[PDB]
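# Reading the structure
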Amino acid sequence: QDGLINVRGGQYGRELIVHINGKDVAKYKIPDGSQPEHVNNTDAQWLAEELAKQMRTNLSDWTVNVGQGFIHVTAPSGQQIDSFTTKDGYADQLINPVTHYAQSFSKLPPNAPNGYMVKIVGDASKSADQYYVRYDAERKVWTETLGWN
Amino acid sequence: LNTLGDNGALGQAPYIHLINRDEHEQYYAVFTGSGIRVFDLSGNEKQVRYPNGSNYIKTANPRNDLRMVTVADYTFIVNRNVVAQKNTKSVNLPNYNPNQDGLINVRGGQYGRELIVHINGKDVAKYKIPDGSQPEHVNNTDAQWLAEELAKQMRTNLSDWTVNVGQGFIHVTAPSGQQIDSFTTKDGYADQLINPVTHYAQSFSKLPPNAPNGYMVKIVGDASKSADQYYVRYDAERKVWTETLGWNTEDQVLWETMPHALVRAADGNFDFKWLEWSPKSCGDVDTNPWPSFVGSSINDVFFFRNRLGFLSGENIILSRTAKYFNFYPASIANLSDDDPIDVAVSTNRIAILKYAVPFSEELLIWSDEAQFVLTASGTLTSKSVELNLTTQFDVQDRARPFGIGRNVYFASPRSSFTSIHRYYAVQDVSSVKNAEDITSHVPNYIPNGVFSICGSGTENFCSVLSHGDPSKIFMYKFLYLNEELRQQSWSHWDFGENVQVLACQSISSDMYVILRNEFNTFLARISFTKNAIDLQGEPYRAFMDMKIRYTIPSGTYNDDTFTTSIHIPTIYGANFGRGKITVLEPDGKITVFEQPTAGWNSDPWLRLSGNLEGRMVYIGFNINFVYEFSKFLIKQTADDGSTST
Amino acid sequence: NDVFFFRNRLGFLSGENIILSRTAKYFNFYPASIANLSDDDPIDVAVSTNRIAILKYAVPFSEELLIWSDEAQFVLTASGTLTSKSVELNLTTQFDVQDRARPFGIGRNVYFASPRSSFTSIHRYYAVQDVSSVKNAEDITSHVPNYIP
């Protein structure tokens, strides 16, 4: 139903693309860097806002919220996210898609909406049992919690 | 109690097991060699359904080939003749070529670096990144632009191949006929820009960040931890790597070749089904081998340390902890104490394991010629499990050893007569067990063919059923005072010459017996009651066999002959062959009927003088009590209890 | 069927299972964490025999905890510290026990009833001298079998 889009920053000449449900809902080409003002367009928050407004126009009834270094995109009650990919051209350092599943605790998004629930799968390095973590916005920590449903 | 059917109702040599869950869940499951007939202890046939067929229970010798283990949750049925087989049809990725597919990670680019990909001896794509002089040269260093630029060159060079651009990677797929033989990429930046990704990775940290949905990678290992090679699969919609079963790997066994279960349904009837055995979920045939029972026959089913256990050949096959139907590890990457245990009994002689006997805070695995104690040093794991030969006593495999109190009774057949032994723990020694022949003074008493050993703890007896003399129930009466056998009484019970005893089990001093004469099969109960009559209104507890309470119906009395003739099959629902018949009236009048020369079946009538219509009577067969004294000779004892004549 | 205490845990007897709570937390029958395994985690294991064994009573006897069924007696131990892995249920004896009357311990002995068809036998459960770990039950009503209805 819900997903996150971390925005760690930008690099010159990199095309920021987010792909949802078979469509490229938002595409932004970062300026080449010739002009001095091009360093203003590499700011993560500016990129997050720029990608969000394109997503809002493409996804009419969806809910798109810009957080601290991330984009919170929520499908309406009827719909859901079926395909969720982001392309940045910088080996996922600029933007990466965040689902409700993470490989490990270190792979959790640095910032998330309050109460965001992530299932930790495991790195297949220790005898592992999958568990759940919830983000505390006012505490800025991830705490193990009961699973959903 | 009831008549179960005709003489052949339960087959020639049925295997009969008592299911005793609660006060209202008492049943016999009779395995006749062609099906299961279930009777409650009142004698009412329940229905046994076969959703998955009855081929598992079809055998010539149910006693030799079928074993029944009942616990609170399940009733397992194992056929000792059926060989467990693996499901060769169920293959994960049935025809998988690791060299068929490949990936090309594109993490970015750097100025002045020549991107080269080399496939099958040819440079299928070559791109020189611009030197960086022009401002737009930073557009040519984008990974997706680089991924697309190489892909179109790959498509032109590799005409029939499939080249797809993913998120930071290039997915190149060979056609069905072809495959990737040489797969190298050159970027000139220490593999930071592009690196080739095959279906093998050194470790988990070396997995590609993004892959197509379901991409399968085998993890070899960093040679830093004791490592077992495992497989991972990428979930595109979840963006995680999960351990999975290897490619070209068979995961399931044929459930029809595996032990079955008998389950009571809601309607009070029973269903004979297979069990849903969990398949292999990780590894391959090498890392996750088939259990030892595969290709062999399971001889026994048991439970130890919250695991399900099998006895197959010389091996003990324990399931995963708390998961009875799973005989495979949860993970191959990591070793868990919960992993299933598959070890063979380790002796210098042939030892096929037939029974698992829980005895004296230990689990004992019994073979024909040897007994083993299944122990573990510390917690029971695959490494910790130990099978130590404790004793070497011959044990008959038809009759499961029977435990009463501190003792386990088993049969050891000889050439002509069966020796019954008591398995016990020696008092002084910490870990020495012993078997004592309790039939040493009667070695030629119980004929060979012992198929049932039973008894009652409350009544302090052990009963042996042998097919050498089917008419007899051999009774071992014992008493224990201060760790001493104060009573050792061997005798037998007889119910008729043509009568055969198929099963007899005790439930708190009530002994429910299945008997079979030459016409019918019966259910009957022996109760060790002190001063209680058996049937309502009886003048006294009459000592008769096949004792029944009968109200004489109308029309039986014939005034032309002045006799009330009752019809024995009307009374019992069954015919009889021989034996004196006694009719007991409530006032105490007894009329005895001798056998007709042809038998009771030829003339199944009891002619009682006068009109007895509407009167309740008590019919039974006279019990022939025999006791022969030993010769009245002078008996002396020594300082000890040893006797002399 | 029964409530008992063992190694600072609350215990239940249900069917053929022993359900021990979390250590020092009697009303918690769930692990504190799924990400990590703790020795304090609750223990839920079944008695492992080839015969039906419904557990009715938990009898503390002779430096051990005895789990009593209608037809068998089990010694609840652990190899080392009592954890989920180390817990063992070992059949020590097979004596018929009435489930209406809880076994009564006096001194070194435990007394219990075993009903017969018409009169009840009372037995004394005790430890044998020579053997390290063999327990026994002796009928103290052997000379009066038809005395207690």
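A short tour of the structure in this document, coming up.

## Quick notes on the overall build of chain B
In terms of helices and strands, chain B carries 3 helices and 51 strands. Against the 2.2 N^0.38 benchmark of 26 Å for 645 residues, chain B shows a C-alpha radius of gyration of 37 Å, more extended than a compact globule. C-alpha atoms of chain B, sized along the principal axes, occupy 130 × 70 × 35 Å. Taking as baseline every contact in chain B between residues at least 6 positions apart, the subset at least 24 positions apart corresponds to 55%. Counting only carbon and sulfur atoms, one obtains 46% of the accessible surface of chain B, whose full area is about 28600 Å². Computed over 56 positive and 70 negative side-chain charges, the separation of the two mean positions in chain B equals 1 Å.

## Focus: the pattern of salt bridges
Residue and element names in this part refer to chain B. A complete count under the given rule lists 29 salt bridges over all chains for this structure. Linking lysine 218 and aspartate 284 is a salt bridge whose minimum nitrogen-to-oxygen distance equals 3.6 Å. In this pair, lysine 218 is assigned in strand 18 (residues 216-219) and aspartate 284 in the loop between strand 23 (270-273) and strand 24 (298-304), connecting sequence segments 66 residues apart. On the accessibility criterion, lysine 218 (13% relative accessible area) is buried. A salt bridge links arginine 238 to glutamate 237; its shortest N-O distance comes to 3.2 Å. Of the residues examined, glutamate 237 reaches a relative accessible area of 46% and is grouped as partly exposed. Three or more residues joined by partner-sharing salt bridges are found here, namely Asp534, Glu538, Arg541 and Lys547.

## A word on the interface of chain C and chain B
Between chain C and chain B, the residue contacts involve 43 residues of the former and 48 residues of the latter. Around 3700 Å² of area is buried between chain C and chain B when both sides are counted, 46% of it from carbon and sulfur atoms. Together, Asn50(C), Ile52(C) and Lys85(C) form the three largest contributors to the area buried by chain C at its contact with chain B, with a combined 18%. If you look at where chain C meets chain B, you find 3 salt bridges. The shortest N-O distance in the salt bridge between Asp337(B) and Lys85(C) comes to 3.7 Å. Applying the counting criterion to the chain C and chain B interface returns 21 residue pairs in polar contact.

## Description of helix 2 (residues 143-157) of chain B
Under the 1.5 Å per step criterion, the end-to-end length of helix 2 of chain B is 21 Å for 15 residues, consistent within 8% with the ideal 21 Å. Among all positions in helix 2 of chain B, only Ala143(B), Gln144(B), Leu146(B), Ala147(B), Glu149(B), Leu150(B), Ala151(B), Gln153(B) and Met154(B) are buried. Lining the buried residues of helix 2 of chain B we find strand 6 (84-87) of chain A together with strand 10 (101-106), strand 11 (114-119), strand 12 (122-128), strand 13 (162-165) and strand 14 (169-173) of chain B. The backbone nitrogen of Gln144(B) has a side-chain oxygen 2.8 Å away, supplied by the residue at the start of helix 2 of chain B, namely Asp142(B).

## Regarding the sheet that holds strand 39 (residues 485-494) of chain B
Residues and elements named next belong to chain B. Pairing in this open sheet of 4 strands is antiparallel, and the strands run 36-37-38-39 from one edge to the other. In this open sheet, the two edge strands, each paired with only one partner strand, are strand 36 (450-456) and strand 39. Averaged over all pairs of adjacent strands, the angle between strand axes in this sheet comes to 20°, irrespective of strand direction. Of the pairings in the sheet, the one linking strand 38 (residues 472-480) to strand 39 comprises 9 bridges and is antiparallel in character. The residue of strand 39 that forms the bridge with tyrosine 476 is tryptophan 490.

## Quick word on the interface of chain A and chain C
With 5 residues of chain A at the contact, the number on the chain C side is 4 residues. Buried surface at the junction of chain A and chain C, both sides included, amounts to about 370 Å², of which 46% is carbon and sulfur. When the buried area of chain A at its contact with chain C is split by residue, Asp129(A), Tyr131(A) and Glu144(A) rank highest and sum to 79% of it. Remark: the boundary between chain A and chain C carries 0 salt bridges. Put simply, chain A and chain C have 3 residue pairs in polar contact between them. Taken together, the residues of the side of chain A that touches chain C break down into 1 nonpolar, 1 polar and 3 charged.

## Some thoughts on empty space enclosed by the protein
Counting across every chain of the model gives 6 cavities of 30 Å³ or more. By volume, the largest cavity amounts to about 90 Å³. Considering the residues around the largest cavity, the lining is formed by 15 residues, among which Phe359(B), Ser360(B), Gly405(B), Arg406(B) and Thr92(C) are closest to the centre. Broken down by secondary-structure element, the contributors of at least two residues to the lining of the largest cavity are strand 28 (353-359) and strand 33 (407-413) of chain B together with strand 8 (87-93) of chain C. With 3 residues, strand 8 of chain C is the single largest residue contributor to the lining of the largest cavity. Of the residues in the lining of the largest cavity, the class split is 6 nonpolar, 7 polar and 2 charged. Considered as a void within the structure, the second largest cavity measures approximately 70 Å³ in volume. Lining the second largest cavity are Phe303(B), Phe304(B), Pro358(B), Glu362(B), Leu363(B), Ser48(C), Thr49(C), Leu89(C), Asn90(C) and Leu91(C).

## A closer look at a nonpolar patch on the surface
All names here are of chain B. A cluster of nonpolar side chains, contributed by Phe625, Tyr627, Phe629 and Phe632, occupies part of the molecular surface with about 630 Å² of accessible area. Checked against the element boundaries, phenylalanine 629 lands in the loop between strand 49 (616-622) and strand 50 (636-637). Relative accessible area serves as the criterion here: at 56%, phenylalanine 629 is assigned to the exposed category.

## Side note on the packing of aromatic side chains
Per the stated rule, a full pass over the model turns up 49 aromatic pairs over all chains. Consider the rings of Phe359(B) and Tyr423(B), whose centres lie 5.8 Å apart with planes at 70°: the pair is edge-to-face. Placement of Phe359(B) in strand 28 and of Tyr423(B) in strand 34 (residues 418-425) is noted, with a sequence separation of 64 residues between them. Assigned by exposure class, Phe359(B) and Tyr423(B) land together as buried. An aromatic cluster is present here, built from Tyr74(B), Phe76(B), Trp277(B), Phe293(B), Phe303(B), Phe310(B), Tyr324(B), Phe325(B) and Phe327(B) joined pairwise through their rings. Against the face of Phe451(B) rests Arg63(B), its NZ or CZ located 3.6 Å from the ring centre. We note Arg124(C) situated over the ring of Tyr126(C); from NZ or CZ to the ring centre the distance is 4.0 Å.

## Considerations on the pairing of strand 23 of chain B
The pairing of strand 6 (residues 48-49) of chain B with strand 23 of chain B spans 2 bridges and is classified as parallel. Note that in strand 23 of chain B the partner of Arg49(B) across the bridge is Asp271(B).

## Some words on helix 1 (residues 44-58) of chain A
Residue and element names in this part refer to chain A. In a regular helix each residue adds 1.5 Å, so 15 residues correspond to 21 Å; helix 1 covers 21 Å between its end C-alpha atoms and thus fits that length. Residues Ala44, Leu47, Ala48, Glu50, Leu51, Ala52, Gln54 and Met55 constitute the buried set of helix 1. On the buried face of helix 1, the contacting elements are strand 1 (2-7), strand 2 (15-20), strand 3 (23-29), strand 4 (63-66), strand 5 (70-74) and strand 7 (95-98).

Conventions we followed
Residues numbered from 1 in each chain as written, not as in the entry; some residues may be left out. Chains lettered and ligands numbered in written order. Part of a larger assembly, values for the part shown. Heavy atoms only, no water. Helix = DSSP H or I, 4+ residues; strand = E, 2+ residues; numbered from the N terminus. Rg over C-alpha atoms; globule rule 2.2 N^0.38 Å. Contact = heavy atoms within 4.5 Å. Areas by Shrake-Rupley, 256 points an atom, 1.4 Å probe, with all protein chains shown as cover. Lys, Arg positive; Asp, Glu negative; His and termini not counted. Charge placed at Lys NZ, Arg CZ, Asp CG, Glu CD. Salt bridge = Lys/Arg side-chain N within 4 Å of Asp/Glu carboxyl O. Buried < 20%, exposed > 50% of the residue type's maximum accessible area, 1.4 Å probe, protein only. Buried area = accessible area lost by both parts, 1.4 Å probe. Polar contact = N/O pair within 3.5 Å; in protein donor to acceptor, adjacent residues only side chain to side chain. Expected span 1.5 Å × (residues − 1). Pairing = 2+ DSSP bridges. Axes fitted to C-alpha atoms, helices over the stretch in contact; angles between N-to-C directions. Nonpolar A, V, L, I, M, F, W, Y, C, P; charged D, E, K, R; others polar. 1 Å grid on protein atoms, 1.4 Å probe; cavity = no way out; pocket = protein on both sides within 12 Å on 5 of 7 lines; lining within 4 Å. Points joined across faces, edges and corners; volume = space filled by probe spheres on them. Patch = residues over 30% accessible without salt bridge, like charges linked within 9 Å, V, L, I, M, F, W, Y side chains within 5 Å. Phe/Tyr/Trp six-rings, centres within 6.5 Å; stacked < 30°, edge-to-face > 60°. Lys NZ or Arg CZ within 6 Å of the ring centre and 35° of its normal.

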